[PDB]
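What follows is a single structure, written as structure tokens, with notes after it.
A quick note on method: Cβ atoms are made from the backbone with ideal geometry, for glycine too, and the neighbour counts reach across all protein chains shown. Since every read-out is calculated from the coordinates, none of them should be taken as a lab result.
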Amino acid sequence: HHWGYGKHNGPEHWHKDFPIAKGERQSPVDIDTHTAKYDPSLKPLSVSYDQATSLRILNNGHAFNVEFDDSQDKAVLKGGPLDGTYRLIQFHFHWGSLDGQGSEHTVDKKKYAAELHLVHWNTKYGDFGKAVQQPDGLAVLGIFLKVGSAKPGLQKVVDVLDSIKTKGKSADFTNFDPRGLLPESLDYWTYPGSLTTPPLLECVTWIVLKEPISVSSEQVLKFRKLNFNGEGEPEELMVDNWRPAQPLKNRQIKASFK
Ligand SMILES: NS(=O)(=O)c1ccc(CCN(C(=O)CCl)[C@@H](C(=O)NCc2ccccc2)c2ccccc2)cc1
Ligand SMILES: [Zn+2]
């Protein structure tokens with residue numbers, strides 16, 4: 001009886017094994033655009049992905065992760081609300097069964113079709129396992145997906161999904177450029193939060209881009225052909241792998257833009 005996104009093991013149950021689920025800095029949250037305040041002290045975000053070295057794509061039974069070589073600083077996130085250097089380790093998505101749901105963060109209660117998380121760890125803590133034990137250990141760059149025009153830079157990801165249909169499958173995924181997943185603008189919202197899956201650790205500085213990327217209906221339909229289950233088990237389509245918005249509590253969401 002492991003955690004997941006079913007009726008019996010979904011987000012409303014997680015608190016029994018992970019009591020931090022009811023904590024003071026849980027993610028995701030609703031972003032109320034009329035309450036978020038422009039902070040002139042923030043900086044321009046620095047997304048440096050030119051030298052990124054992707055290695056593998058894995059179906060972990062919850063999502064699919066594109067993993068990077070993090071054994072040196074190549075692909076790094078700096079600036080914005082961040083002190084120091086955060087190394088890109090993986091990206092993944094959350095998505096829905098239909099286009100009207102799928103994002104984790106919401107914007108004035110609007111749910112997008114999906115959300116991309118680019119996960120980075122603070123290199124002052126030496127390894128990612130040490131970083132997640134710290135309040136400033138991770139930085140997650142969140143990007144909304146809406147359905148419209150295809151995203152060219154997403155198609156290489158779409159086309160390998162058939163090879164990792166079930167939990168525990170992986171495939172070689174070298175030479176993928178994550179720059180192809182970004183919108184034009186780097187305008188963002190930021191707040192202190194958590195991992196959105198167990199173990200729900202309160203170690204994340206969230207940076208959520210205001211501008212969504214457009215993907216095609218055919219692109220997200222292929223996400224929805226993935227399976228939660230392992231090979232040889234009853235098919236459970238990988239859909240609705242999102243946690244809903246959590247209470248904001250004693251937190252402020254800051255805007256990078258006026
Ligand atoms: N939805 S969210 O963005 O809030 C979120 C939720 C959970 C996590 C932790 C996610 N995670 C695991 O769960 C265990 Cl596989 C770790 C992970 O992806 N590791 C893959 C990897 C390992 C070694 C080198 C390169 C890549 C792992 C462990 C520590 C830091 C980063 C990744 C990350 C992000
Ligand atoms: Zn995520």
Name the residue that is nearest to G230 (Cα to Cα), counting only residues in segment 35-82 that are away from ligand 1 (no atom under 16 Å from the Cβ), among the small types (G, A, S) and in contact (Cβ under 8 Å) with a residue 40 or more places away in the chain.
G80
Segment 194-208, residues that are more than 12 Å from ligand 2 (Cβ to nearest atom), outside any strand (DSSP E or B) and either touching a strand residue (DSSP E or B) at 6+ places or on another chain (Cβ under 8 Å) or among the hydroxyl-bearing types (S, T, Y) (or both):
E202, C203
Sole miss for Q101 among (1) away from ligand 1 (no atom under 15 Å from the Cβ); (2) in contact with a helix residue (DSSP H, G or I) (Cβ under 9 Å, 6 or more places away or on another chain); (3) more than 14 Å from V204 (Cα to Cα) is condition (2)
Restricting attention to segment 83-116, report how many residues are closer than 23 Å to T33 by Cβ and without any contact (Cβ under 8 Å) to a residue 60 or more places away in the chain.
3
Looking at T123, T174, can you tell me which residue is more than 15 Å from ligand 2 (Cβ to nearest atom), surrounded by fewer than 15 Cβ atoms within 10 Å (Cβ to Cβ) and over 24 Å from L248 (Cβ atoms)?
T174
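Yes or no: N65 surrounded by fewer than 19 Cβ atoms within 10 Å (Cβ to Cβ) and over 22 Å from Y188 (Cβ atoms)?
On the way: surrounded by fewer than 19 Cβ atoms within 10 Å (Cβ to Cβ): no; over 22 Å from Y188 (Cβ atoms): yes.
Here the answer is no, as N65 does not meet what is asked.
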Assuming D127 fulfils every condition listed in (1) within 11 Å of ligand 1 (Cβ to nearest atom); (2) in contact with a strand residue (DSSP E or B) (Cβ under 7 Å, 6 or more places away or on another chain) apart from one, which condition is it?
(2)
Can you name the residue in segment 121-171 that is assigned to a loop (DSSP other than H, G, I, E, B) and free of Cβ contacts under 8 Å to residues at least 24 places away in the same chain and is also farthest from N227 (Cα to Cα) among such residues?
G126
Go over the candidates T85, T35, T53 one by one and state the one that is under 19 Å from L181 (Cβ atoms) and more than 16 Å from ligand 2 (Cβ to nearest atom).
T53
Does segment 209-225 contain at least one residue that is within 16 Å of ligand 2 (Cβ to nearest atom) and in a strand (DSSP E or B)?
yes
Looking at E235, is it over 27 Å from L42 (Cα atoms), without any contact (Cβ under 8 Å) to a residue 60 or more places away in the chain, among the charged types (D, E, K, R) and in a loop (DSSP other than H, G, I, E, B)?
yes
